[PDB]
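Data file: work-v3.pdb. Format and content: PDB, C-alpha atoms.
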ATOM      1  CA  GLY L   1      91.008  68.890 206.343  1.00  0.00           C
ATOM      2  CA  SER L   2      87.465  70.070 205.665  1.00  0.00           C
ATOM      3  CA  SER L   3      86.512  73.740 205.973  1.00  0.00           C
ATOM      4  CA  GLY L   4      82.774  74.256 205.608  1.00  0.00           C
ATOM      5  CA  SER L   5      81.741  70.839 204.314  1.00  0.00           C
ATOM      6  CA  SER L   6      78.688  72.609 202.894  1.00  0.00           C
ATOM      7  CA  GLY L   7      77.608  73.153 199.300  1.00  0.00           C
ATOM      8  CA  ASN L   8      78.207  71.281 196.052  1.00  0.00           C
ATOM      9  CA  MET L   9      81.897  70.522 195.525  1.00  0.00           C
ATOM     10  CA  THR L  10      83.634  70.251 192.153  1.00  0.00           C
ATOM     11  CA  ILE L  11      86.196  67.652 191.083  1.00  0.00           C
ATOM     12  CA  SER L  12      89.089  70.111 191.310  1.00  0.00           C
ATOM     13  CA  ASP L  13      88.476  70.136 195.063  1.00  0.00           C
ATOM     14  CA  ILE L  14      89.393  66.446 195.121  1.00  0.00           C
ATOM     15  CA  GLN L  15      92.562  66.615 193.027  1.00  0.00           C
ATOM     16  CA  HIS L  16      93.691  69.692 194.958  1.00  0.00           C
ATOM     17  CA  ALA L  17      93.479  67.634 198.150  1.00  0.00           C
ATOM     18  CA  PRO L  18      96.804  67.396 200.030  1.00  0.00           C
ATOM     19  CA  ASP L  19      96.437  63.612 199.883  1.00  0.00           C
ATOM     20  CA  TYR L  20      95.264  63.053 196.309  1.00  0.00           C
ATOM     21  CA  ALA L  21      98.526  61.371 195.315  1.00  0.00           C
ATOM     22  CA  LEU L  22      98.268  58.264 197.496  1.00  0.00           C
ATOM     23  CA  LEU L  23      95.253  57.161 195.455  1.00  0.00           C
ATOM     24  CA  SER L  24      95.821  54.178 193.165  1.00  0.00           C
ATOM     25  CA  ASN L  25      95.008  54.828 189.506  1.00  0.00           C
ATOM     26  CA  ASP L  26      91.742  53.033 190.265  1.00  0.00           C
ATOM     27  CA  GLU L  27      91.095  54.930 193.498  1.00  0.00           C
ATOM     28  CA  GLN L  28      91.429  58.328 191.823  1.00  0.00           C
ATOM     29  CA  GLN L  29      88.738  57.406 189.298  1.00  0.00           C
ATOM     30  CA  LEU L  30      86.174  56.576 191.983  1.00  0.00           C
ATOM     31  CA  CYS L  31      86.934  59.656 194.081  1.00  0.00           C
ATOM     32  CA  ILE L  32      86.037  61.620 190.952  1.00  0.00           C
ATOM     33  CA  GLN L  33      82.855  59.642 190.300  1.00  0.00           C
ATOM     34  CA  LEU L  34      81.536  59.700 193.867  1.00  0.00           C
ATOM     35  CA  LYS L  35      83.056  63.174 194.167  1.00  0.00           C
ATOM     36  CA  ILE L  36      84.737  62.233 197.446  1.00  0.00           C
ATOM     37  CA  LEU L  37      87.944  63.656 198.915  1.00  0.00           C
ATOM     38  CA  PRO L  38      90.966  61.443 199.702  1.00  0.00           C
ATOM     39  CA  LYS L  39      91.113  62.717 203.284  1.00  0.00           C
ATOM     40  CA  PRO L  40      87.661  61.423 204.309  1.00  0.00           C
ATOM     41  CA  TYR L  41      87.691  58.524 201.849  1.00  0.00           C
ATOM     42  CA  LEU L  42      90.771  57.210 203.652  1.00  0.00           C
ATOM     43  CA  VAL L  43      89.078  57.217 207.058  1.00  0.00           C
ATOM     44  CA  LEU L  44      86.173  55.058 205.890  1.00  0.00           C
ATOM     45  CA  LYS L  45      88.614  52.916 203.908  1.00  0.00           C
ATOM     46  CA  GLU L  46      90.601  52.035 207.030  1.00  0.00           C
ATOM     47  CA  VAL L  47      87.363  51.132 208.813  1.00  0.00           C
ATOM     48  CA  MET L  48      86.264  48.672 206.129  1.00  0.00           C
ATOM     49  CA  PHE L  49      89.520  46.843 206.858  1.00  0.00           C
ATOM     50  CA  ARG L  50      89.524  47.067 210.655  1.00  0.00           C
ATOM     51  CA  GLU L  51      86.135  45.355 210.417  1.00  0.00           C
ATOM     52  CA  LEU L  52      86.998  42.923 207.622  1.00  0.00           C
ATOM     53  CA  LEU L  53      89.733  41.551 209.883  1.00  0.00           C
ATOM     54  CA  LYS L  54      87.648  41.346 213.058  1.00  0.00           C
ATOM     55  CA  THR L  55      85.113  39.095 211.335  1.00  0.00           C
ATOM     56  CA  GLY L  56      87.597  37.628 208.875  1.00  0.00           C
ATOM     57  CA  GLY L  57      85.501  38.511 205.851  1.00  0.00           C
ATOM     58  CA  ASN L  58      81.777  38.826 206.519  1.00  0.00           C
ATOM     59  CA  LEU L  59      80.928  42.283 205.177  1.00  0.00           C
ATOM     60  CA  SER L  60      77.935  42.848 202.898  1.00  0.00           C
ATOM     61  CA  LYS L  61      76.041  45.836 201.502  1.00  0.00           C
ATOM     62  CA  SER L  62      73.442  45.282 204.225  1.00  0.00           C
ATOM     63  CA  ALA L  63      76.098  46.066 206.832  1.00  0.00           C
ATOM     64  CA  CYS L  64      78.445  48.182 204.716  1.00  0.00           C
ATOM     65  CA  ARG L  65      75.682  50.744 204.201  1.00  0.00           C
ATOM     66  CA  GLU L  66      75.581  51.033 207.993  1.00  0.00           C
ATOM     67  CA  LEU L  67      79.292  50.703 208.762  1.00  0.00           C
ATOM     68  CA  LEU L  68      80.065  53.675 206.517  1.00  0.00           C
ATOM     69  CA  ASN L  69      78.339  56.990 207.229  1.00  0.00           C
ATOM     70  CA  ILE L  70      77.286  57.839 203.675  1.00  0.00           C
ATOM     71  CA  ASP L  71      74.533  57.434 201.083  1.00  0.00           C
ATOM     72  CA  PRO L  72      73.296  53.948 200.100  1.00  0.00           C
ATOM     73  CA  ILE L  73      73.930  54.398 196.377  1.00  0.00           C
ATOM     74  CA  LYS L  74      77.359  55.930 196.977  1.00  0.00           C
ATOM     75  CA  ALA L  75      78.394  53.026 199.203  1.00  0.00           C
ATOM     76  CA  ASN L  76      77.598  50.407 196.562  1.00  0.00           C
ATOM     77  CA  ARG L  77      80.359  51.860 194.389  1.00  0.00           C
ATOM     78  CA  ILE L  78      82.844  51.807 197.268  1.00  0.00           C
ATOM     79  CA  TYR L  79      81.884  48.244 198.181  1.00  0.00           C
ATOM     80  CA  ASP L  80      82.580  46.929 194.681  1.00  0.00           C
ATOM     81  CA  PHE L  81      85.872  48.821 194.465  1.00  0.00           C
ATOM     82  CA  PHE L  82      87.133  46.645 197.319  1.00  0.00           C
ATOM     83  CA  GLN L  83      86.233  43.530 195.329  1.00  0.00           C
ATOM     84  CA  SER L  84      88.056  44.908 192.287  1.00  0.00           C
ATOM     85  CA  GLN L  85      91.235  45.029 194.371  1.00  0.00           C
ATOM     86  CA  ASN L  86      90.921  41.345 195.266  1.00  0.00           C
ATOM     87  CA  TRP L  87      90.866  42.674 198.829  1.00  0.00           C
ATOM     88  CA  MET L  88      87.736  40.726 199.761  1.00  0.00           C
TER      89      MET L  88
END

Same coordinates, now as structure tokens:
Amino acid sequence: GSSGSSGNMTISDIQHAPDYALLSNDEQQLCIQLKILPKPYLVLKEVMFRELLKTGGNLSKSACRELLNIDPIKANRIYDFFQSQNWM
């Protein structure tokens, strides 16, 4: 999965990922913008759902920022993405 997880990572590191094919045309874009791998991105993605179902649909930046273990600015992008997929 992740060997080192230290030091600036290029975009090629994302496309090279062993799971960079199961990313919807839209997903791929983001991954490149937020420079996030599909492996880890998937984990957090599943969480956003497991929680969106428990509450039924009461997730907001305020919480999202906490739910996901990442930067505040980076999250924003992810949050919206979900809305773009009429998922929320």

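Counting only C-alpha atoms, stretch 59-62 of chain L has the following residues at most 12 Å away, ignoring those fewer than 6 positions along the same chain: residues 47, 48, 49, 50, 51, 52, 53, 68, 71, 72, 73, 74, 75, 76, 77, 78, 79, 80, 82, 83, 87 and 88 of chain L.
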
Quiz item: With only C-alpha atoms as the basis for distance, which of L:12, L:4, L:70, L:58 is at the shortest distance from residue L:41?
Solution: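 Using only C-alpha atoms, the shortest distance to residue L:41 belongs to L:70.
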
Quiz item: In Å to one decimal, how far is atom CA of residue L:10 from atom CA of residue L:37?
Solution: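 Atom-to-atom, atom CA of residue L:37 and atom CA of residue L:10 are spaced 10.4 Å apart.
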
Quiz prompt | Nearest to residue L:45, chosen from L:33, L:5, L:25, L:67, with all atoms listed in the file counted in the distances | solution =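 When distances to residue L:45 are compared using all atoms listed in the file, the smallest one comes from L:67.
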
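Going from atom CA of residue L:13 to atom CA of residue L:63 covers 29.5 Å.
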
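Atom to atom, atom CA of residue L:18 and atom CA of residue L:39 stand 8.1 Å apart.
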
Quiz item: Between L:57, L:11, L:46, L:3, which is the closest to residue L:30 once you count only C-alpha atoms?
Solution: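 Smallest distance to residue L:30 is found for L:11.
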
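In this comparison, which uses only C-alpha atoms, the residue of L:8, L:69, L:2, L:84 approaching residue L:26 most closely is L:84.
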
Quiz item: Once you count all atoms listed in the file, which residues end up no further than 6 Å from (91.1, 63.7, 192.1) in the file's frame, shown as a PyMOL selection string?
Solution: chain L and resi 14-15+20+28+32
